[PDB]
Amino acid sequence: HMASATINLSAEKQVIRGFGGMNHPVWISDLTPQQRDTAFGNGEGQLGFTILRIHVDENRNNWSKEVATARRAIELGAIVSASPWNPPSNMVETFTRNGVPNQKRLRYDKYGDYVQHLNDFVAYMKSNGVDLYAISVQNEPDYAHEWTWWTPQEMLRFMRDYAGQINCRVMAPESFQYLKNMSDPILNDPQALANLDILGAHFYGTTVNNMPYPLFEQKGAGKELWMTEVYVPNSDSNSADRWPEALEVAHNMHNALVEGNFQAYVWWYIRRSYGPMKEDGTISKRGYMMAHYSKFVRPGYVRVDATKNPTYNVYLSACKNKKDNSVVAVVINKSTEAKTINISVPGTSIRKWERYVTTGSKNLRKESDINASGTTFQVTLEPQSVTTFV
């Protein structure tokens, strides 16, 4: 016996929008000129990110701080999305939430004023060379101990009655854990849904069984699905090179793509001691896990149906470039054993497969090509490894 996986290039799933991370030049230091290139270029030694997330500061005097990094990302081919943490203080009021006093929410009489704030940010960025791809209603409205809370009902009212006035794609609701109670009302209201452009979600503590979303599959035509913030499996200091811990990053991305049908996967801080880029400006193990997807599965490629878990501890995803029907497969082997599988790609003309491998001891190493037996390809996966086949 040898386990088999089949990649079905005719069974198209979601179109990939891209991968990236956060810049926050108010809370932490901005990316440097070199770091911007390492993040958003796709050359040797670069992450290949194509999505930058930024924050919408409540104080407009901080907006200028975003511009250089956002513009450089765009020069390098990325798109930029922005999320607010709080409205300006003159729009906020306090309330008691589950017995905890002094919590913040948007005043019910300030929904229109909040639209204007968001539009002012969009306009400021446009005036300074940054055409935002999208703007969000609220970062983590359901985990707002340290920012602004929105109930599902409040979020729905905004999406239904106000968000059509926003001069940008609208992203919502960015639940901290992809809690469907925050998004169901939007999807179930035709006007709110019409005003939505991107269903955004974070993945903190989101289990695999909570990654599918039948209601979105039913109602989300013409809407994008983005995982707009996570770090996994922790934010421990100086953890970004830990192995085999870093394989959790690859596995989480596999799960987002295959179990969640996500079109985008966006880390928290790009440069951080637990992030994809270390403080010394070089790529971490966690960053190489991202790169196995980001450098190869380019915007516009389409995920296809493929045997997702062909043998225990082995996870496989595949995407296709519609321009030439070429294929990118990302295969994770979490076992301490080597694993040999057959990969069948019926109907492909491809016969030579290149492979790049990361383990605890090498990063995106180009290994020997594999020559196919017709439309089947036999591959031995090193222990505790990620391999991208192209």
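Sequential numbering from 1, following the sequence displayed.
Taking the mean C-alpha B-factor of each stretch as recorded, 237-245 and 272-280 are not equal, and the higher mean is that of 237-245. Relative to one another, 292-300 and 215-223 have unequal mean CA B-factors, and 215-223 is the one with the higher figure. Within the group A329, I350, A39, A70, the record's highest C-alpha temperature factor is found at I350. Of the candidates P173, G77, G99, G260, the one whose C-alpha carries the top B factor in the deposited record is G99. Annotation for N209: C-alpha temperature factor in the highest third relative to the rest of the modelled chain, per the entry.
Ranked against the other modelled residues of its chain, the C-alpha B-factor of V357 as given in the entry falls in the middle third.
In the PDB entry, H202 places in the lowest third of its chain by CA B-factor. Compared with the other modelled residues of the chain, the Cα B-factor recorded for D161 ranks in the middle third. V15: CA B factor lies in the middle third for its chain, per the PDB record.
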